[PDB]
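Written out below as structure tokens is the structure these notes cover.
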Amino acid sequence: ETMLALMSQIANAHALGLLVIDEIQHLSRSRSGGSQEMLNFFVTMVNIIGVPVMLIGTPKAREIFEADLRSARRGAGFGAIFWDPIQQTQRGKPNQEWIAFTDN
Amino acid sequence: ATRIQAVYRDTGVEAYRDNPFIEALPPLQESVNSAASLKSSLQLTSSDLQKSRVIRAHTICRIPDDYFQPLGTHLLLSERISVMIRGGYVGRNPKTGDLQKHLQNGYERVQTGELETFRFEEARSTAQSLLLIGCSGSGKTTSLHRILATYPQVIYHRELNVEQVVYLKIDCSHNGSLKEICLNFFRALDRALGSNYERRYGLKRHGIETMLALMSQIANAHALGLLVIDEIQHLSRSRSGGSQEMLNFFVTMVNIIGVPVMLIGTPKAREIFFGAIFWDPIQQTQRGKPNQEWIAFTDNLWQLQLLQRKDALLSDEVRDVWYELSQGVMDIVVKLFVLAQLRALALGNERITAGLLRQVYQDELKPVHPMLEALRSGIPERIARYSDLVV
Amino acid sequence: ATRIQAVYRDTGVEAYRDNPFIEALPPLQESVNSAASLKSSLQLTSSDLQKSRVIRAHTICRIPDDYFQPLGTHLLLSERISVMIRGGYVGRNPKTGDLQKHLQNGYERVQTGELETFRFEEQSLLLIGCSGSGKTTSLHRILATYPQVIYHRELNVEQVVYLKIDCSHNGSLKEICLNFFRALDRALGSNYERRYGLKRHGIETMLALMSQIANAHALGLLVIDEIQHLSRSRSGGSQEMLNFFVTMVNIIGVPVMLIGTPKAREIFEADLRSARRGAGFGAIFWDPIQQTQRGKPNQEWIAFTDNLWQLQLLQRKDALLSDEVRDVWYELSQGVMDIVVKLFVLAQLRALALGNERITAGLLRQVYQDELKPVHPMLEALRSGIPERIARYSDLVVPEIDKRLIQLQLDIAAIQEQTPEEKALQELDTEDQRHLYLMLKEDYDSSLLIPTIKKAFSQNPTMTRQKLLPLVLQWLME
Amino acid sequence: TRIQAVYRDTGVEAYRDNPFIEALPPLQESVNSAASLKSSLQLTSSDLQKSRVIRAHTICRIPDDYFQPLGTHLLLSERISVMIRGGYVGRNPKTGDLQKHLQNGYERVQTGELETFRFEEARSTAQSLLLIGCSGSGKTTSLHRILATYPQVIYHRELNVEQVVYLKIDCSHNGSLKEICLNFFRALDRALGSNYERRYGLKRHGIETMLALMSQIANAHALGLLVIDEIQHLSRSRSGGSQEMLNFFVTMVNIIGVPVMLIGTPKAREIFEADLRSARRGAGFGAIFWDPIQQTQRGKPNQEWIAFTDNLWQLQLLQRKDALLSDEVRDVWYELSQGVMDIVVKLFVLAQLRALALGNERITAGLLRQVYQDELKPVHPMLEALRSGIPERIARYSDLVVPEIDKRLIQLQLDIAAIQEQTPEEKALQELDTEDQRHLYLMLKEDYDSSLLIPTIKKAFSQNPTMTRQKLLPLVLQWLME
Amino acid sequence: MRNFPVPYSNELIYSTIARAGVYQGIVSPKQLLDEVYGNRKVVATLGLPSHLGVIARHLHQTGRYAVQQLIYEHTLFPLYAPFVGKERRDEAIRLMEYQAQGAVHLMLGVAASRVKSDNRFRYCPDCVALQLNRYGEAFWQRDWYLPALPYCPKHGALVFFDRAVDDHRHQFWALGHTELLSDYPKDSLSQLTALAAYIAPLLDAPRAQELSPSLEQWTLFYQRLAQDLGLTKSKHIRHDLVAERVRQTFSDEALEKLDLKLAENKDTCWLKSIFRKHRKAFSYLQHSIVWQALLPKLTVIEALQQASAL
DNA sequence: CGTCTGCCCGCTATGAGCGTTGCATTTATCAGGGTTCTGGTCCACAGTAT
DNA sequence: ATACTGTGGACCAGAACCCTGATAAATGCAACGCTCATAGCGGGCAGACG
Ligand SMILES: Nc1ncnc2c1ncn2[C@@H]1O[C@H](COP(=O)(O)OP(=O)(O)OP(=O)(O)O)[C@@H](O)[C@H]1O
Ligand SMILES: Nc1ncnc2c1ncn2[C@@H]1O[C@H](COP(=O)(O)OP(=O)(O)O)[C@@H](O)[C@H]1O
Ligand SMILES: Nc1ncnc2c1ncn2[C@@H]1O[C@H](COP(=O)(O)OP(=O)(O)O)[C@@H](O)[C@H]1O
Ligand SMILES: [Mg+2]
Ligand SMILES: [Mg+2]
Ligand SMILES: [Mg+2]
Ligand SMILES: [Zn+2]
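And the structure:
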């Protein structure tokens, strides 16, 4: 809590704009307290003023940020963005983007 | 941090005749016009509709942050907050010498270490407490923040030297430890004041009773009026034997020290636990008819559109689709409407419709489909499952 | 960024011969009168006094800016600064090897090689004086003769002849350490502080970075001003206060000047109380203009007062000074240059609007006991003559002078009443023949004169003026 | 300032293979050992016709750049050479494979072949010396000039050690028993580039602790001399007494080698003389006494004084200078300065500076007189003490010097600078004795003639004295300009 | 500090500092010195407090309280002001604003008390009840802490108790309610109470700072009063008539309790020195005793003004 | 009747919150010469008995 | 109308504190160690097939 409160002072001294977290999948679940501890820590970042954050993980790391209404609500925010592999045939004709990428 | 030299008023009640503290506050607005006082909306204007694409898309996303609509419970909460913050100053008058007895006692508490000591028998404390628990997605963190925007927080008196802070808002720590409330309190009481209480009272190797009485005394050195705590659910995750200590300290402070305290928590916090007020998500049908509050909310949210095309009147089918997709929770209505507008502008169709709303929900609320589907099903077992579901 | 292509000229001093960094400076022959050429006067024509009161007030309020009288304490400072800068380039001669190599060669020659011996031998200054004596303004304009940046084309080296620093209120050592690069980058335009002045570096490292860039770049003079504004408690004790300046002077190696108040003399009492000519820190004191010199009145005072007295613009002024009006200045002001001209300029503005358009000794008392309030402790300390009170009641500079100036310029508007002199001037046509009217005011009454001059100027014999002045007088007398 | 080391063989056989002595300048053949000490500023003939400010600056600069080597400096230089290049026998780093030699000696002494052998290297005889003389005789500049011939730092490539040949320390005005210890750190951290003062010179340590750390610091390097100068400023009230000062200063045994030299006025001479042991060890090998120079020691007047006076007189810079020096000027120099070195040079400088101020532009004995009774008040007790010759009064009043004389010199220079300004235009105004005719002077010539108006009004007033300002004006045109 | 208490009427600033410490829960005196002043090198004194101006900076937004108001209405300086002189008084006023602690005590020859004269803490039997009824608090009043008179001008006598300033130095102590006078009567002398009541009007007077006679005028005032009362024959003191005049109002035991015991048998005495030409400023007690014994139909302000004017 | 391959549980490892503790750090204690304080001094002087 | 006596004012000299320097010692304060809690782990035991 002390370092998370110092985070607010540092993020208000300089007008921080976007704090992106990546490689959440690389977090060991036995060296921090548990899935509920991860969830509570990542929800505790609502007190930090402004400084919108973006979360990055694998579809097997989606299970932690789920089953709780407030945690899911803060997880969603501006909708959901789901990167997926380029499927060949969305329509009857194969997708033009796959063709262009392969040719290029 | 709006330091104002206070100018005194003359209230009509003899119980409030000569206090400087409670004369300095703005008057209690009439509930007939208090609803109109809370009302704020986007300024809109028609010059945007003939402008470029991305500029118009940007200002739509300001709807969830700039739109507020008063309801029936808003007036009750305003009246209760006014009464509970006006009843907490009748026992701490500094003009006739009553605060100097509520503050001399607070030093022998620090010296001895026990919170129950008392040096002056006539030092009486008049304070109230109230818990506000409502289903998540109701606004009890921004509605309170908009009710408590009339009072200018820090206000400075002239004859005395007290810099009276009207209200203070703190958050419980996720750990739930005993030495974290008494620290984020000192952080909130010098963010809004410009001093450094933390470097005095927290840096040193102090105990727990000392730093639990120091907070209760420094909250009376300044005539604090309302200490409101949000996210009270965090205490259930604390270490063993620490959950009841706060449940006794936040009823001793209300009774002995005299600082009124208001606690707001999620529906999950009924079991861990003064008055009680429960909030519910809006339901369009009271007995057998669509309700005026829901109809007005939708009809006024309608005009906040920047689509190049639209229709004059809303349809009952679209209203039913919106209600079915929302299940009554407040935030999801605005979120769904703004996401549907964003998807319509992105797609290139300048009109909004029920199928558009359905596809927007399905494609842009993927974390939220499980519990929204649970709410739509309405099974009591599924409602009892998970946490903070409305019941 | 004032870049002048370097030109080389012969200097009669044999010590500076064949040093490319020295002869680029202005020569000594024309610099002797350069410091005495800083004398300035806001000269005006007699027709300027005939104009409206707002115009003369606006010309008068520029006196605390354009007026500068050099004294005996101002030529010596310029000579000292010139000599100190010129003598600071005898080491860094690019045409000659390093002094370490010369010392090694001398040791080799005093060894087995046949020579008698060699001497293995290797000048900071401070300007402390009473606050408001005219230090920064004097230095800013005595350093104008030297171009700041001289560019060398044969080599690739930019010669920063002098640099100037200024402190802020309640500052510390780090603020000056960074302001040096701020001034250097204002001089050259490069980014010498965008990556060399990060917060990560400590004081020792930051000064180590300072020294190498001060030695590689040809730098002659580094002046730090307004050291009185630096906060003591924020930096710490007075021991490291002196230690930082000592290690700043020692490692950089360039001549360095400091300017402050006697409140810094107690800081610099060490290394100065004992005569240490090798260590440096030579002291030059400035004092207020002493009216009495060896039982006689000072010539500089009676010349500065005369020059200041000839440039007053009033209608019915008494053009000649008396002994009492001169004497009361030294009792209400004590002679410090900050408030003498301030008293004069405030007195003239108050005489513009209050009453009769003349300067007397009485209105100076009104000015002193009404508006020149805050510096009373300094005036009392100066009157008492006790050095302790003078030293410990310095550093006050009577702020918010600009607001006072603009408000006094604006306040003259609300005067609807006309004094008879200027109303007679306006009812008369403004042919600017009123030079005679102003010349001959005392001898004859206006009632006899101005209608008569109207009648004469209705049919003047000839358009000429000041050649045809006597004839009007012959009509004027009879 | 680390000079690389190169070695040269020396005639003396006691230092055949000692590196710390051969890394130094060669032994001074005392024929011109102190001849290089002679210094005189150039005084080129072209500097005579020059501005008063620069000439005054040169006059103020005279005392720094002038240093006359006397005949008594040779003994001091010889002594310094002896006890700097004689104290390095016990700090020799040129030690071969002594393990084998010691083992062989140990084997041979036990088997009966040899009956004795020396195994000890702890051979260090420390030397100490006082330099006692009246204040103002030049005990600091005439020591820095001599000690500047020896390099302070010499670096050996083969080893990793330095020889700090000389280290100079001066006490503060008040002084204490700990300030000297701290000043040793302060001076050595300035001689080299290091952080010894913060590493060792800590506040917590006691006086004996810093005195012991001095041993390690001065023995890690090949230190050769340790000058503690001006012990006269040490406050006896803040020291602790007149005996523990001696007990601290005779505690130079625990620092190995390091021949310490102390300089002080005879006020400390009575302090450092209370017993046999301190008198022996504080001044280990003699104690040179500096006395003021006299006109005559033999029947004939001393030639050193004549040479010094002639050399200082030749340095004079004035427009009107007399080449011949009258004997009365020498007589008054002796009678007013009694041979004290500081007094004579400052008296001459002040006389030459005041000659510019008064404008007489010549040096006279009487001018020396009024500058003497005008600007030399606080040095009087020296003057009557030396005139009377009583040792008690001299010892009582030998610590005083004129204070802040540099500020007086700056004030005199500022006065000379302010005096100079004259205006030929103001020469026309200066004949205007009457005053209040300045009214017509100011009003008239601002837009009118400025050539003959000023002189001719004098004629108009003188020819018509029975008149006032007003009707003097109407005919001014026709009478003066026309 | 942020919320500095405003002193009440007739309260030492020492008690204001102590109540500031009580209000904001500071127990360790080092923290109190860290927050009130910023340094831990300030000595706590009762009467003539040092380091003033810092106490006024915390009261900056209240424009009525400045250095002069605090130094004339919340300290013990007005008692020492009119008698020391003019230049010394002004220099003391100008010096109490700075960081000088012992200089204030040592500059005034009258204030050079050296060893403390019974420096323990005192209070009153009935003043505390009145203060509690009117304010709800207790403080070290200026009336209680007279330099040498342990007598309230309105009540009988003070009540000493334990603890002393010299014992514990850096502590600002304020009476609360846990200690109070246990029921026992303290004997009081009427003459001493009358003297205290007569002299107490000096601490509250608008012209108490300007009415400062010079050093030379005091002996002229004494000779003029002796001449008009006709005690002196020709520049002579009776050595018995003036002693009887003093004894008519003050007995020997009361003067012994004040340490101002008369020494009429010996040539040297405080009254005899008052008769002679003055050297240094004398205490308020000696001047008040002489004035009251030699003229009983006047008050402090008029007598001081009459002495100063002529 | 051996033994060989999956379970588990007392362990093993590690994070988070709190409890002694080495450490300068700061405080306290003791010897000492000086400087103003104070004490009496005396020296000229005003008033007086002879 | 003056010598004698008390007295007022300017004034040496002993002494009591007192600032100061050197030295020894109590001490808060971050600096690690303890302990509690929590998730995994690999060899031992019941067990069951050759
Ligand atoms: N009555 C209302 N009128 C308008 N907007 C509302 C209303 N109630 C809620 N909202 C909107 O819904 C959101 C409510 O904010 P918030 O997320 O803090 O509420 P909450 O879920 O009740 O809070 P908590 O964080 O305490 O669980 C905001 O976007 C707000 O604009
Ligand atoms: N030589 C001078 N002659 C006339 N006025 C001067 C002179 N030097 C300074 N002043 C006046 O003194 C005023 C303040 O000087 P300032 O620049 O503040 O000096 P400093 O910076 O040393 O305090 C200026 O308004 C200026 O008019
Ligand atoms: N031989 C000399 N020739 C010229 N000047 C000398 C000589 N000896 C001494 N001085 C003068 O003595 C002064 C330095 O004296 P200083 O070293 O301060 O004396 P001390 O050593 O007693 O402190 C210098 O200004 C210098 O001019
Ligand atoms: Mg909330
Ligand atoms: Mg300036
Ligand atoms: Mg010396
Ligand atoms: Zn009382």
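Protein chains in written order, with UniProt numbering: chain P, 211 to 314; chain H, 3 to 275, 288 to 405; chain S, 3 to 124, 130 to 485; chain B, 4 to 485; chain Y, 1 to 310.
Beta carbons: idealized from backbone N, C-alpha and C, even for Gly.
query                                                                                                                                                        : result
What are the boundary residues of the alpha helix (DSSP H) that includes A8/S?                                                                               : Premise fails: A8/S is in no alpha helix (DSSP H) and is neither H nor E.
In the structure shown, what three-state DSSP assignment does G136/H receive?                                                                                : strand
Measuring CA to CA, which of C63/H, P28/H, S33/H, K206/H is closest to residue 335/Y?                                                                        : Outside the displayed range of chain Y (1 to 310) lies residue 335/Y, so it cannot be described from this structure.
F70/B: which of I87/B, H60/B, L78/B, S42/B sits nearest, CA to CA?                                                                                           : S42/B
Tell me which same chain residues have a C-beta within less than 7 Å of the C-beta of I17/Y, skipping the five on either side of it?                         : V36, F172
Report buried or exposed for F121/Y, applying the criterion of at least 16 other Cβ atoms within 10 angstroms of its Cβ.                                     : buried
Rounding to the nearest angstrom, what Cα-Cα distance links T119/S and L386/S in this structure?                                                             : 59 Å
Under 7 Å: does the beta carbon of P66/H sit that close to some heavy atom of ligand 1?                                                                      : yes
What span of residues does the beta strand (DSSP E) with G289/H cover, start to end?                                                                         : 289-293
Would DSSP call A164/Y helix, strand or coil?                                                                                                                : strand
Assuming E233/S contacts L195/S (C-beta within less than 8 Å), just tell me the rounded distance between them.                                               : The pair is not a contact, with the Cβ atoms about 23 Å apart (cut-off 8 Å).
Take the Cβ of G267/S as the centre, count every other Cβ of all protein chains shown within 10 Å, and call the residue buried at 16 or more, exposed below. : buried
Under the DSSP definition of a beta bridge, which residues are partnered with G260/S?                                                                        : Note: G260/S sits in no beta bridge, so no partner.
What are the residues that DSSP puts in a beta bridge with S42/S?                                                                                            : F70/S
When the distance is taken between beta carbons, is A293/Y closer than 8 Å to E264/Y?                                                                        : no
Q473/S touches chain B at which residues, Cβ-Cβ below 9 Å?                                                                                                   : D450, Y451
At the 8 Å Cβ level, is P262/B part of the contact set with chain S, yes or no?                                                                              : no
Between which residues of its own chain and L40/H is the CB-CB distance below 7 Å, once the five residues before and five after are set aside?               : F70, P72, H76, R148
Would you mind giving the Cβ-Cβ distance between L226/B and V263/B, rounded to the nearest angstrom? I have them listed as a contact below 8 Å.              : Actually they are not in contact, since the Cβ atoms of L226/B and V263/B sit about 10 Å apart, beyond 8 Å.
Return the chain-ordered ranges of every beta strand (DSSP E) run that is complete within the segment 107-180 of chain H and spans a minimum of 3 residues.  : 131-136, 156-158, 165-167, 170-173
Quick check: the Cα distance between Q440/B and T143/S, rounded to an integer number of angstroms?                                                           : 40 Å
Taking residue 284/H as the query, report the chain P residues whose CB atoms sit under 7 Å from its CB, ordered along the chain.                            : Here chain H breaks off after 275 and picks up again at 288, leaving residue 284/H without coordinates.
When the Cα atoms are used, what is the spatial distance from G136/H to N305/P?                                                                              : 48 Å
Can you list, in chain order, the residues of its chain whose CB lies under 6 Å from that of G178/B, leaving out five sequence neighbours each side?         : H236, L237, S238
When DSSP labels each residue in this structure, what does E11/Y get in the three-state scheme?                                                              : strand
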